[PDB]
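Accompanying notes for the structure given below.
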Amino acid sequence: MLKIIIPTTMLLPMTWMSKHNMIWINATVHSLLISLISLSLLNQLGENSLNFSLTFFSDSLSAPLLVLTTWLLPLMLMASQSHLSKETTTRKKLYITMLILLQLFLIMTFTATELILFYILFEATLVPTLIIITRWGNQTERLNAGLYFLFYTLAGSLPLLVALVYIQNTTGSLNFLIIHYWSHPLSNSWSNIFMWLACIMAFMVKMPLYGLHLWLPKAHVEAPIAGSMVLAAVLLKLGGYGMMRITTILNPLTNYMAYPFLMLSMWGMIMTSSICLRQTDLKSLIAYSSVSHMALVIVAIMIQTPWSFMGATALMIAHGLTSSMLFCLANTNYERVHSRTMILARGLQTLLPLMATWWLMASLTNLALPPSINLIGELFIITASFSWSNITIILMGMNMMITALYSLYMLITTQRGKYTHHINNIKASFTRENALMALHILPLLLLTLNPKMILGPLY
Amino acid sequence: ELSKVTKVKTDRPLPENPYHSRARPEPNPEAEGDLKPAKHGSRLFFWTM
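Sequence lines, in order, name chains q and s. Numbering follows the authors' numbering, with no gaps: position 154 of the first sequence is 154. Position in the second sequence counted from 1, then plus 200, gives you the authors' numbering.
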């Protein structure tokens, strides 16, 4: 696995020792090369995981996420080139290094074989994120947003540390393979209930469960574009990956302990989609849409059926791509009008035609249009939940309807109508932004030809 | 001359246990042979060495 870790580390001295006219170019070149190399990790075996060594391993769950991170880093660089153009060279290098450290930490989380190493790195991801959100954010709310995010994550994760150490002491090991083979049923005692909670709430905070989701809108709104990109694409899927990894040792107590979280997510999807129906900030609308989409992944993980896990993996990948692209489009609009108000700039379908097509395709993917992987994941989760209980279909259908409603409402409000008269600074879209949207969309559409790659280890 | 330490030739046996001491407790087992490296190094969580 070091074939990906070592170049990621070498990115730092490269950027630090590169000329001020070549940081972005070199970073993009070698991040894209790293993604190309990490594409080799998709050759997963049917039954056994790829055990590179004692410390790192990868299965059909880790590989798609690793590829997504290695692919998203260049996209973040391209999106963050614009506003970080008048910054000094040292701060640009610092921002690039923060992004690289975040990517490295994400890789080592998705490849870790030890639960405690996974925890260490998955909590280490906070520091680069928090710095990015509180240092290069534009608003004055970036300070409160960073605190909310950091403290929600830590208050969720510290009991997870306690529980992991307790499990290490009792079972003797935290290795995923051993903890999977030497698995044992959990009794219905209060101690097991609280161990289950300690293991679950940490990831429930990460992928925002309805009620613990208040940090996501602040974090996604106040952070810069690249920060929002990671937070939406990978930092939310961290919780899902952790939950899918740890649910092995949390049975059969889950059957009875999942009801509160299942109900919370199945109602919060509707609540957050309705909130999206009545949002005035584009980034806030996208963040609440992300909450609504991750509610389905939470449900799928808490049901623990093979179709649910496949749908969860597919939805994670698809939602990461779609949310990142939506945030990039909103960033372009913001950099054009210097405001995040949705109703401020209207009739953009007549001034930026290709950007309108990008918005249309992104919204279609967001509302789970067949045969996109978004729909593949959503339909798999819906079938799994229907098998779990037939009543679930009502909430699932209502959520789908409201998602289509608010996505098309965003499309109509932004890229339709009469152009805003007074706004005169809307210049023709650059090649960089269009290339960013194309690099967001094309892998997403291509994955529908080979959906088996992102369907998880249970395919 | 009255302060010098003298030898006294007696016939009464020398007391075996003047303090009436109990049996001294058995000492702990004392060490072992040569040292060998730890089986898999420091078995501290994820550290392989």
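Ideal Cβ placement from N, Cα and C applies to all residues, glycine included.
So which residues on chain s does residue 6/q lean against when the C-beta distance must stay under 9 angstroms?
For residue 6/q, there are no neighbours in chain s by C-beta distance under 9 angstroms, as the nearest C-beta there is about 17 angstroms away.
Let's see if you can read the secondary structure: which residues bound the alpha helix (DSSP H) around residue 389/q?
Annotation: residue 389/q is outside any alpha helix (DSSP H) and is labelled neither H nor E by DSSP.
Using 10 angstroms around the beta-carbon of residue 172/q, count the other beta-carbons present and answer buried if the total reaches 16, otherwise exposed.
Classification for residue 172/q: exposed.
Using the C-alpha atoms, what's the distance from residue 180/q back to residue 239/q?
Each residue's Cα considered, the two are about 19 angstroms apart.
Quick one: complete beta strand (DSSP E) runs, 3+ long, within the stretch 31-99 of chain q?
Correct list: empty.
Inter-residue spacing [alpha-carbon to alpha-carbon] between residue 283/q and residue 90/q
Separation of residue 283/q and residue 90/q (C-alpha to C-alpha, rounded to the nearest whole angstrom) is 29 angstroms.
Anything in the stretch 91-119 of chain q with a Cβ closer than 8 angstroms to a Cβ of chain s? List those residues in chain order, please.
Hits within the stretch, in order: 112, 113, 114, 116, 117.
What are the uninterrupted segments assigned as alpha helix (DSSP H) that are 4 or more residues long and contained completely in the stretch 290-375 of chain q, given in chain order?
As far as the stretch 290-375 of chain q is concerned, its whole alpha helix (DSSP H) runs of at least 4 residues are 306-337, 353-366.
Within 9 angstroms of chain s by C-beta, residues of the stretch 47-71 of chain q in sequence order:
Answer in chain order: 53, 54, 55.
Residue 226/q vs residue 79/q beta-carbon contact at 8 angstroms
Yes, the pair counts as a contact, with Cβ atoms nearer than the cut-off.
Using a Cβ-Cβ cut-off of less than 8 angstroms, list which residues of the stretch 168-184 of chain q approach chain s; keep chain order.
Residues passing the 8 angstroms Cβ filter: 168, 174.
Look at residue 440/q and residue 321/q and say whether their C-beta atoms are less than 8 angstroms apart.
Contact: yes.
Taking the beta carbon of residue 422/q as the centre, do at least 16 other beta carbons fall within 10 Å, making it buried, or is it exposed?
Label assigned to residue 422/q: exposed.
Any contact between the stretch 65-84 of chain q and the stretch 117-130 of chain q? By contact I mean 3 or more CB pairs, one from each, below 8 angstroms.
No: fewer than three Cβ pairs fall under 8 angstroms.
Verify whether the separation of the beta carbon atoms of residue 356/q and residue 279/q is less than 8 angstroms.
Cβ distance not < 8 angstroms, so residue 356/q and residue 279/q don't count as in contact.
Would you grab the beta carbon distance between residue 285/q and residue 342/q for me? Rounded to a whole angstrom, and I think it's under 8 angstroms.
Correct: roughly 7 angstroms between the Cβ atoms.
Do you know how far the Cα of residue 224/s is from the Cα of residue 215/s?
Taking C-alpha positions only, residue 215/s is separated from residue 224/s by approximately 18 angstroms.
Counting along the chain, where does the alpha helix (DSSP H) carrying residue 222/s start and finish?
Bounds of any alpha helix (DSSP H) do not take in residue 222/s, whose DSSP letter is neither H nor E.
Beta bridge counterpart(s) of residue 207/s as assigned by DSSP:
Secondary-structure assignment with DSSP links residue 207/s through no beta bridge to anything.
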